[PDB]
Every structure is written in structure tokens, then in C-alpha cells.
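J.: There's a structure below that I have some questions on.
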């Protein structure tokens, strides 16, 4: 029985994952921003599930955009439980529109939400996990960072691509500390540009209709019975695998956009390089 | 003879590329920050080359971290020449150290320099290129976004990974406007963490010596005669290729870290997806 923290768990993969892990008997902290306001109903929904099923599912206020918020929440868990066994980076947020119409700040904000968030959380949690010389980081990545993708989500896909690159780096840099990494790669199963005038130029020029054309074409390739719970069940299986035998990436992509193939080539090239330079021990947590 | 703007051209690939393009007879704006202070010598070096060789190489103040700076510089070129035929995104900056020891702001700053920079420049330049219905964006990407890589450069590799994802998106989103894209993928041929205490923990724990071990192991695989001018010559060749027949990516990687293989798989999967959804026209500028 593990102590687990998941970020951005108000709904989506985050929430089903927190519930499935708690179903598997773990002590699960399902964290999220603004539990008194914006997420009050989600808190109620999750709390009701936890009591109805008699599982150790707890909700925790954790705003990943605030270091002070993050620090407080990590201190609560450590003061209560002594450690974190599994850290699940899931907080995220996407957008749609012509990249040119998104402002520089918009891209920055996206980075904040999808990447800087993980760094705040890691900088808070990692000191404790490093003292244990043991632990598992799970990152919810995205098939888009190495598979076929639609146009019109650039600030989002950029941030996710950076997030996966960072996950990979930590995997190596934490391995001598005994910390394991597993990256979940979900396929296809939300803001817009602030520059309305620029977007209107796109709509009246050669890209007229492209936005809707993209949404429809990409919706159409998702199997109608594709279920987001597949991701939660992949995660319960990772957590339930013996230490040292966890997969590095798990692909859950009913639309089969190819990230399984892309990443398995990238993963192979990256390992090849570490063998080549005499650093193959970084491929395997101590 | 083309009108060309290159960012971050004070030295490095940027500078040799500006000189080679000017050698090929183009009108080249080699832009950079702070030409009166920090880059005054670089300005002198470049200006001396231009007069000695009698080439149309011009230096231009352009601070990619300032929208006002960017706008001014683009207005100067357009007021002088009427258009930009080739836009070369090259401004960049790297760092080395354990990812945990870099602060959230540090990662943000890196993103600013390596990604938000291109967005400021694109938002300024693209309206003009779109009116022409013609033009070429060249991005200087990095073998690290799809090849074997060292640990200890996470904020940098993250930013470059996002930058490549963005380049790919613009390639599709600009194609109906007639704008071509080519991405240069240079292999191996500089700040540090602000959190000294955290870095000192890494140095005294299980990652003792890893920093130097990485620098030495990765230096050793670069062929001693690998020359950075290979990149400049690849770019002159792209620019000199007929419109509509430019390669999408050009790999220049003497250490052979595998990004050629990684990207050619990713490129294939991405095209496959656009054919699959009926958007294959996005693969080919109008």
C-alpha cells in the first residue's frame, strides 16, 4: 500500500486515476486548485465516491501555479504520512486556434500550466523522495509529442513536448537516487487565441474553415467506444508492477496515431546513446 | 536574390550563416540584441567581413525578448525592402545542471529565449509574408529533440523540443498561405542553476561527479574535425533550392546521435496522419 499524490485530479484522467488507485487499496491524495470555489463540486463528487466505496481517497488543495500552495500541500502529506511513494504529474490544460493568433504571453501561460507546474511540484517533493532513496514518478504525457497530430494546438503541443523531454531527463538524473520513472502516453479520447483580429484574418483568408475541418476530421478517427478509463487502468497496473520492473512508457491510444512507434524509436536511440557514452546505469534506477 | 532576416546572429551558426548567405549574393539582415554595448565587437567583426568581401550583409538591432524591439526592426526591413523572403529563427541559449536545481523561473526564462522569441518575431513578420503569399521559414532546431541526448540540460532541451513542435505546426498552418518551411537539425559541435544549495546536494550525493562525467563522455564522441560551417552551408543550399522543392528537415550531425532516424520516423507518422484525415494538402505549400 503506497502513498500517492496526483496533481490536477478534479476530473478527467486525473480523477479516474485517483479513484482506481484508491480502489486498489492505496492511500491517494487527489489534489486540485480552489477546492472551496471552482472545484467545490468536484470535491463533493470525489468525496462521495470515496465514502461510498470505503477507500482511502483524500482531496487536497494544491494550486500548481503557486509555489506557496505546492509547498504547503507537500508539507501536509509528509507531516501526515512521512513520505510520498508515487508522484503523478497530471495537471494540464489545452487550447485551439492558429498559432500566430496566440500571444507570446499565452504560450508562456501554457508552459506555466503544463510544465512549470511539474517543476514546482518536483522541487517540493523530490527532496523527500531522494531521502527515501526510493519512489516512482509517473508523468501523463501525450501521444502528440511523437505521433501524428492536428494543427491548431501549438501552444499546448509545445508545452507537452517540453514536458516529455523533461520527464526523460529526470528519469536519468534521479536513477542513481533509486527513483523510478514511468511515462503514460494517452492518445485522443479549452482556451482560444487572445488576438481575435489575427484569428479573424485566418478565418477570412486561405485557412477559412480549417479550424472546424480539423475538429471534425480528428474527432472522426476516435473509436466511439474508446474509454478514458483505459488510462486509469494502465496506471493501476504500473503502480502494481514490482519495483524495478516498471515499463518506461505505456501507450494508451485507441486512435492509433503512431506515438507507440515514434516513442519506441526515440526511446531506443536515447538508450543507445547512454550505452555509447558509458552511462547505461542511468537507464536503470539503483 | 532574397531578402533574409536571421535572429541571434552575433556569433555561432547565426553569424556564419549570415555571412555564407551574403556570400551567395543575398541581402542579409543579421540581427542581434544590444549592438551598442554587449555585441559592439560582434557588429565590428561582421561589418569588417561584409566590407572586405563586398557583400550585402547588414546588422540590425533586434532584441527578441522585446516585442517593441522586434516590431521596430521588422518595420525597418519592410520600409527599406518591401518584404522578407526568408525568416531564419536562430536566437537561442543553453544551460547545464541537475534539473531539480533550476528554478521554475529559470525554465520560464529559457522558454522565453528559445521559444517566445520566435513567436514575437513571427507575429511581427508573418503578416507581411502572408500578404506576399510566398516566403520561407527556416528554424534551427536541435538533434536533441529526437536523438540520443545527455542529461543535465533539461530547461534547454525542453525549450528546444517545444520549439520544434511549434515549427511543425506553423509549417501546416502557413502552407495554404504559400509559405514554405525548412527545419535545420544540428547535432553536437551557458548558464547554471540558481539553486546552489540544491545543486550542492546533487554533487555530494549519488550523482557526485555526474556533471563532469557527462561533459567528458559527450565531448569525446564529437569528431575533432567537425566544423560548424557545415550548418551554414546546408542553409545556403536550402535557400538556393527551387521553391516548392525544399527539404522539410536537414540533418547536420557529425556525432550521429540518431536524430536523423528519429525525425524521419516522426515526420513519416505525422504525414501519415494528415493523409489519413484528408488534410494532406497541408504537407505542401500552395
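J.: Please compute, for peptide B:128-137, the average count of beta-carbon atoms on other protein chains lying within 10 Å of each residue's beta-carbon.
T.: Numbers: counts 0, 0, 6, 1, 0, 2, 0, 0, 0, 0.
Partner Cβ neighbours, averaged per residue: 1.
J.: Follow-up. Within 10 Å, count the other beta carbons around each residue, average over each peptide in B:204-212, A:27-35, and list them highest first.
T.: Details: B:204-212: 14.2, A:27-35: 23.8.
Put in order of decreasing packing, that is A:27-35, B:204-212.
J.: In what sequence, highest mean first, do B:82-89, A:242-249, A:115-122, A:53-60 appear when ranked by Cβ atoms within 10 angstrom?
T.: Values: B:82-89: 22.1, A:242-249: 13.0, A:115-122: 26.0, A:53-60: 17.2.
Per-residue mean Cβ counts within 10 Å order the peptides as A:115-122, B:82-89, A:53-60, A:242-249.
J.: Now, a different point. Peptide A:105-117: average number of partner chain Cβ atoms within 10 Å per residue? Could the numbers behind the result be given before it?
T.: Working: counts 3, 2, 8, 6, 0, 2, 10, 4, 0, 1, 8, 7, 1.
Averaged over the peptide's residues, the number is 4.
J.: Relative contact order for segment A:38-122: what percent, with Cα pairs under 8 Å and sequence separation of 6 or more? Spell out each step's value before the answer.
T.: Details: 47 pairs, mean separation 26.8, N = 85.
About 31 percent, as a whole number.
J.: Sorted by packing (mean other beta-carbon atoms within 10 Å per residue), highest first, where do B:153-162, B:231-240 land?
T.: On the way: B:153-162: 28.2, B:231-240: 19.4.
My ranking of the peptides, most packed first, is B:153-162, B:231-240.
J.: Counting only other chains, and only Cβ atoms inside 10 Å, what mean value do you get across the residues of A:263-276?
T.: Neighbouring Cβ atoms belonging to other protein chains average 6 per residue here.
J.: How far is residue A:206 from the same spot in each other copy, in nm, shortest first, if each label point sits 7 Å from Cα toward Cβ?
T.: 5.4
J.: With each pseudo-label sitting 7 Å past Cα toward Cβ, what's the residue A:194-residue B:11 distance in nm, one decimal?
T.: 3.5 nm
J.: Using only alpha-carbon positions, what ratio does the radius of gyration of the protein assembly as shown give when scaled by 2.2 N^0.38 Å?
T.: Working: Rg = 23.9 Å, N = 572, 2.2 N^0.38 = 24.6 Å.
For the protein assembly as shown, the normalised Cα radius of gyration is 0.97.
J.: Moving to a separate point now. Using a 7 Å offset from Cα along the direction of the beta-carbon, what are the separations from residue A:23 to the same position in each other copy, nm, ascending?
T.: Nearest to farthest, the other copies are at 6.5 nm.
J.: Assuming a ≥ b ≥ c are the square roots of the Cα gyration tensor eigenvalues, decide whether segment B:142-286 counts as rounded (a/c under 1.5), prolate (otherwise, with a/b larger than b/c) or oblate. Walk me through the numbers on the way to the answer.
T.: On the way: a/c = 2.69, a/b = 1.85, b/c = 1.45.
It comes out prolate by the Cα gyration axes.
J.: Now a separate question. Going 7 Å from Cα along the Cα-Cβ axis for the label, what nanometre distances separate residue B:49 from the same residue across the other copies?
T.: 5.9
J.: How high is the relative contact order of segment A:195-286? Use alpha-carbon pairs under 8 Å, at least six apart in sequence, and give a whole percent.
T.: Values: 25 pairs, mean separation 18.1, N = 92.
Dividing the mean separation by the residue count of segment A:195-286 yields 20 percent.
J.: Roughly how many nanometres apart are two label points built 7 Å out from the Cα toward the Cβ at residue A:65 and residue B:53?
T.: 4.8 nm
J.: Hey, what number do you get for chain B at 222 nm if only DSSP H runs of n ≥ 4 count, each worth -39500 (n - 2.57), divided across all residues, to the nearest 500? It would help to have the intermediate numbers written out before the result.
T.: Values: 10 runs with 136 residues, N = 286.
Value at 222 nm, helices only, nearest 500: -15000 deg cm²/dmol.
J.: Further, regarding this structure: Grab the Cα-Cα distance for residue A:229 and residue A:216, subtract it from 0.36 nm times how many residues apart they are, and report the gain in nm with one decimal. Each step should come with its number before you reach the end.
T.: Working: separation 13, 0.36 × 13 = 4.68 nm, distance 2.34 nm.
In short, 2.3 nm is gained.
J.: By the gyration tensor of its Cα atoms, with a ≥ b ≥ c the square roots of the eigenvalues, what is the shape of segment B:103-157: rounded for a/c under 1.5, prolate for a/b over b/c, or oblate?
T.: Working: a/c = 6.32, a/b = 1.79, b/c = 3.52.
Note, shape of segment B:103-157 comes out oblate.
J.: What full-extension length gain, to one decimal in nm, is calculated for residue A:93 and residue A:1 as 0.36 nm per residue of separation minus the Cα-Cα distance?
T.: Numbers: separation 92, 0.36 × 92 = 33.12 nm, distance 3.04 nm.
Contour length minus the Cα-Cα distance gives 30.1 nm.
J.: Assuming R0 = 45 Å, can you tell me the calculated FRET efficiency for the pair residue B:243 and residue B:34, based on Cβ-Cβ distance, to the nearest 0.05? Kindly include the intermediate steps, with their values, before the conclusion.
T.: Values: r = 35 Å, r/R0 = 0.78.
Using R0 = 45 Å, I get an efficiency of 0.80.
J.: Compute the FRET efficiency between residue B:72 and residue A:78 as 1/(1 + (r/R0)^6), taking r as their Cβ-Cβ distance and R0 = 56 Å, and round to the nearest 0.05.
T.: Values: r = 51 Å, r/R0 = 0.91.
Efficiency at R0 = 56 Å is approximately 0.65.
In this analysis, Cβ positions are derived from the backbone assuming ideal geometry, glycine residues included, and neighbour counts consider all displayed protein chains. Throughout, read-outs are computed from the coordinates displayed, never taken from laboratory work.
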